[PDB]
Amino acid sequence: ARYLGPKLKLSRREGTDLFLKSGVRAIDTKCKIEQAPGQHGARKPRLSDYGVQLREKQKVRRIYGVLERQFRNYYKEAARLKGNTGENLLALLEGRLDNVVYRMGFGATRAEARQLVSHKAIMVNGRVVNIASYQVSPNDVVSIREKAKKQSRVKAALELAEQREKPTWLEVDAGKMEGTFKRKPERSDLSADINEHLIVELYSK
Amino acid sequence: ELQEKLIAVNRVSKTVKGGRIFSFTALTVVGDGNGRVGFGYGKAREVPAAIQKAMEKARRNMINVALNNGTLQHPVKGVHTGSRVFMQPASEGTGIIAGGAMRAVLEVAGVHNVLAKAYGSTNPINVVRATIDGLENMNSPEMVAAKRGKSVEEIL
Amino acid sequence: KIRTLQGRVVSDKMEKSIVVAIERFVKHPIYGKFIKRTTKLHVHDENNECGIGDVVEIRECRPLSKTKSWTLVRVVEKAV
Amino acid sequence: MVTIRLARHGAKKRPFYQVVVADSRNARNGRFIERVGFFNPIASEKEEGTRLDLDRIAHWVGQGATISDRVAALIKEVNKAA
Amino acid sequence: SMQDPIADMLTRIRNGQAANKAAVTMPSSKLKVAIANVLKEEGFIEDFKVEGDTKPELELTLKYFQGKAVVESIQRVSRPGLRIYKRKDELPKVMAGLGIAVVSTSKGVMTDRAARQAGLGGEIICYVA
Amino acid sequence: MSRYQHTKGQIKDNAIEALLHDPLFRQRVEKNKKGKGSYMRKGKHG
Amino acid sequence: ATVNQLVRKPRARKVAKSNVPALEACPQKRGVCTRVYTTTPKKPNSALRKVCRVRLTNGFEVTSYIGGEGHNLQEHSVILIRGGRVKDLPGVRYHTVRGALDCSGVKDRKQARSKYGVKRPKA
RNA sequence: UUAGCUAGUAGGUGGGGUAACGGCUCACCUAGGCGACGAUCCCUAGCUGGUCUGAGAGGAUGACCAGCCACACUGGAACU
RNA sequence: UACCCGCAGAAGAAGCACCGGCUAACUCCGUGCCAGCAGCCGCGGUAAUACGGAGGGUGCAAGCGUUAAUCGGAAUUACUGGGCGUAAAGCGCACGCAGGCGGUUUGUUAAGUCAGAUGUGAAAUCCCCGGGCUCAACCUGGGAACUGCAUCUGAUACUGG
Ligand SMILES: [Mg+2]
Ligand SMILES: [Mg+2]
Ligand SMILES: [Mg+2]
Ligand SMILES: [Mg+2]
Ligand SMILES: [Mg+2]
Ligand SMILES: [Mg+2]
Ligand SMILES: [Mg+2]
Ligand SMILES: [Mg+2]
Ligand SMILES: [Mg+2]
Ligand SMILES: [Mg+2]
Ligand SMILES: [Mg+2]
Ligand SMILES: [Mg+2]
Ligand SMILES: [Mg+2]
Ligand SMILES: [Mg+2]
Ligand SMILES: [Mg+2]
Ligand SMILES: [Mg+2]
């Protein structure tokens, strides 16, 4: 259910930084981010119309760490729901418990957050939730349980988050180790580099 | 400000006493991402020169299209040669649902939300022309009000 | 008030009995065309009052024979 | 005869009982005249487990319908609650 | 033989629009007249004029805006070979509400929008864009 | 190994000769890369 | 084209037969090799294509291609055929399944093994 | 590239029979009845709610679940 | 039993297809119209990104491929939604029964048509707002829908009588 291989490779393939590593060390020092992975990295072939969309889709999938069938399901759900489809999909992706945790700053990477979720560290409304794909609702408090509160990794993650830009749609407490999912995030709150529309188009043929 | 992209480049032949002389035909389309749309069809012995020619052609002979909030105003048919085209406006978030050359021309135009289909022949040059024709013919509410001698609120 | 149908008498040869074609104006399920369809029915008539090509109002009843579950109520336009 | 009885309509180890008026000979989950409410034995706190359209049940009884024991118990419970 | 007068009228109108003719004339009918009136109301023609007693002739003054024809497209929907009847909820929208659909309703010949407002359907005579 | 099913039916006199007059030992003519029958509509990788 | 005409006599749908008729809507069928032989393909291809005439479970007598480099097949060899026509070979509409029934997997393959019935090289 | 089919056949009168109407059956009388809006014959097929696909209209389909039908080694027959 | 707590240690747990174009992903060696590949086009005859191996990559993932099967694309039976001078397609020409269609005015009828209502259109399924299994799948409350048919009361512009 997870990708287990090299993480920076994926980023290289994409072109952009996907936040796949914590960010203590800069991405440019740790890998050749501009060069594609493999023997034929130096060559940059001209990509087809289908191709670019596919790449974009992969980028988004990589970002969240979501496998294809689940992604398809998410897309379908977005389509079903009223309003903007790509936007809806993005919102759904955000809703993911692990992603929420990452945003809050309990996980240094999203992978770390996912791990935490798996290992029973995370409580949603005073209930220990184990699934990363759990859709967090508005006005839902999500906290670290007292067993996992003594973890040094968690504090490091928090510190890292403090350095990074904080989300408007969340309110997080460092000392209490709890966060409030205020509202489902808007498109303007999220990154502009993501071209959701291409992804939408892709799943229409 | 002007976004420009090549649709299709094809090698064409002229036959002579010696053998065949090969030329390249490049079909490009330009748009400002608002109302203006223009296609270009350039031809040279080399590809890049041909593409340049096409671009030049596209830059002149442009056509203004009435767009409502980044989409079409009404369902519209467009015809040229064998290529008979249909395109329909859609709710925001649906994306550009169009095939081949069509997709390109819509993107440069600045439409973001369409459901479109090409019937009959699907020859790139013809189909793009058809699409452009369709775009041209499509009128706005204001325009129709002007034509009928009425207000926009009376027609809705 | 009673359920009843109208039609032309196609044949009146058999004793106490008439066959009455009923023209129904149905729409086609696929094509949308309105087509004249025919419903042939074996009708009971006492006294043998009916002629050929006669318009007749008929009602459904308990079956009187193998094919005959309909009886006439009134005869209209008995022109020859 | 006409009877008022439960039809098990749930998941494995999670039953949900649809109270139905039916001809007794019919299969439990099969043909029925009228569905006159529901009962959920696995229902949590802060939700209605049992809800029965009592008037219809009464009508059926009047007509001459037998009541299943469990259904009767449910009815009694409802009466107590009200 | 002439089997559809309304259709013929529409064709005539179309031809006039094409050929830049100021006025189009035809043998008058009641339904035709109603249609003309509807068009006038909607503003696709300038004026309509019935003239004659024994055999009256409807004369339509065509409308042109900025050198070009006002009536862009004009197509019959119901026809003698294939009749078309729609319900109030089933009523179509020409040019996404911009163009009009002439509908013969229980309460007289009117535009589609008017029919919708009323709350009744009927025979859709033609689409006009 | 597998037997070749020749299109000669029942060989009577000489087998080798029969085989020679069969699709098996047909002439193999190269398609020109340059010259006469040399024109390719689309390349191997185009 | 006229609606009345259509009403009178409706549009006949294109009755399309299957190109694999001896399989009889079955994914695979078992058969016995009546003979195994090589054949020359049609122009412009030059080869000696391995193929077998098969008396099938359901009474049909067909010919089926043998994919891969080298095979153990011979007369009276109980094999599974899967369908898929060979463009070069005249009258060949079927592929034998490598790694099923009497048919062996291809020797020394490390890629696309699924298609050729080759087991994982354990190391 | 199945055009004619049908004598209990179509109808009537009277008896008999059915829980019940009825050629359901019998006696006699009439000569009908169905059929190009496809009778008859031949090939295939359980039917539906539905399922799959599709923008839709349609096309294909009828496992599971539910309703209806038919069958219970094959062909008949009745009794309770 | 679900569920919860404790114990130890990264521990017991990743493959399958593909990489000529369509179609995301390229090179080297081996072979030399041979062996072989292939859905189509076609590839291979000594520098093969198309065969086989390797390295590298791409796509899926406890699955991944192949085959069969249906719909889709395929407006390629076109009701929506195609055509017929020359691409497939106007009977050799006429008359004409059945059939289809039918100028205009008034009246009437209310069959077609439209409107409203009543009864039904089983439940499940599909869809919407919810609730319950840690999430989901799944189960489920209420709705909507089931485009239909029948009956009653009206409307009468159009089609019919
Ligand atoms: Mg949506
Ligand atoms: Mg010269
Ligand atoms: Mg209890
Ligand atoms: Mg059978
Ligand atoms: Mg379609
Ligand atoms: Mg047995
Ligand atoms: Mg590629
Ligand atoms: Mg080599
Ligand atoms: Mg390939
Ligand atoms: Mg290879
Ligand atoms: Mg089709
Ligand atoms: Mg055609
Ligand atoms: Mg011809
Ligand atoms: Mg002629
Ligand atoms: Mg008339
Ligand atoms: Mg009249």
# chains A, B, ... in the order shown; residues from 1 in each chain; ligands from 1

$ closest_atom_pairs --of "range 13-119 of chain I" --to "range 21-27 of chain C" --cutoff "12 Å" --atoms "only C-alpha atoms (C1' of nucleotides)" --output "tab-separated table"
residue	atom	partner	partner_atom	distance
I:111	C1'	C:25	CA	8.4
I:112	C1'	C:25	CA	7.1
I:113	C1'	C:27	CA	11.9

$ interface_residues --of "chain B" --to "chain F" --cutoff "10 Å" --atoms "only C-alpha atoms" --output "MDAnalysis selection string"
chainID B and resid 11 19:20

$ residues_around --residues "residue 42 in chain A" --least-positions-apart "6" --cutoff "12 Å" --atoms "only C-alpha atoms (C1' of nucleotides)" --output "VMD selection string"
chain A and resid 12 to 13 32 to 36

$ write_last_selection --atoms "N, CA, C and O atoms" --output "JSON list (two decimals), in the first residue's frame"
[["chain", "number", "residue", "atom", "x", "y", "z"],
["A", 12, "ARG", "N", 13.06, 14.39, -8.09],
["A", 12, "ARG", "CA", 13.90, 14.65, -9.25],
["A", 12, "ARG", "C", 13.11, 14.43, -10.54],
["A", 12, "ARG", "O", 13.13, 15.26, -11.46],
["A", 13, "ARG", "N", 12.39, 13.30, -10.56],
["A", 13, "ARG", "CA", 11.57, 12.92, -11.71],
["A", 13, "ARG", "C", 10.51, 13.98, -11.98],
["A", 13, "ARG", "O", 10.30, 14.39, -13.13],
["A", 32, "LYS", "N", 20.77, 15.96, -6.84],
["A", 32, "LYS", "CA", 20.72, 16.75, -8.07],
["A", 32, "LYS", "C", 19.27, 16.86, -8.52],
["A", 32, "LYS", "O", 18.80, 16.07, -9.36],
["A", 33, "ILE", "N", 18.56, 17.84, -7.95],
["A", 33, "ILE", "CA", 17.11, 18.02, -8.13],
["A", 33, "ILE", "C", 16.69, 18.36, -9.58],
["A", 33, "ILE", "O", 15.61, 17.94, -10.03],
["A", 34, "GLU", "N", 17.53, 19.10, -10.29],
["A", 34, "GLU", "CA", 17.26, 19.52, -11.67],
["A", 34, "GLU", "C", 17.39, 18.37, -12.67],
["A", 34, "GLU", "O", 16.63, 18.30, -13.64],
["A", 35, "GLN", "N", 18.33, 17.47, -12.41],
["A", 35, "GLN", "CA", 18.56, 16.30, -13.26],
["A", 35, "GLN", "C", 17.58, 15.17, -12.93],
["A", 35, "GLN", "O", 17.32, 14.87, -11.76],
["A", 36, "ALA", "N", 17.06, 14.55, -13.99],
["A", 36, "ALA", "CA", 16.18, 13.38, -13.91],
["A", 36, "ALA", "C", 16.93, 12.15, -13.39],
["A", 36, "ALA", "O", 18.15, 12.05, -13.59]]

$ residues_near_ligand --ligand "ligand 10" --cutoff "12 Å" --atoms "only C-alpha atoms (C1' of nucleotides) and all ligand atoms" --output "PyMOL selection string"
(chain G and resi 111-112) or (chain I and resi 18-20+26-27+29-31+36-37+43-44+48-54)

$ residues_near_ligand --ligand "ligand 2" --cutoff "12 Å" --atoms "only C-alpha atoms (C1' of nucleotides) and all ligand atoms" --output "list in words"
residues 15, 16, 17 and 18 of chain B

$ interface_residues --of "chain G" --to "chain F" --cutoff "8 Å" --atoms "only C-alpha atoms" --output "number ranges by chain"
G: 36-40, 50
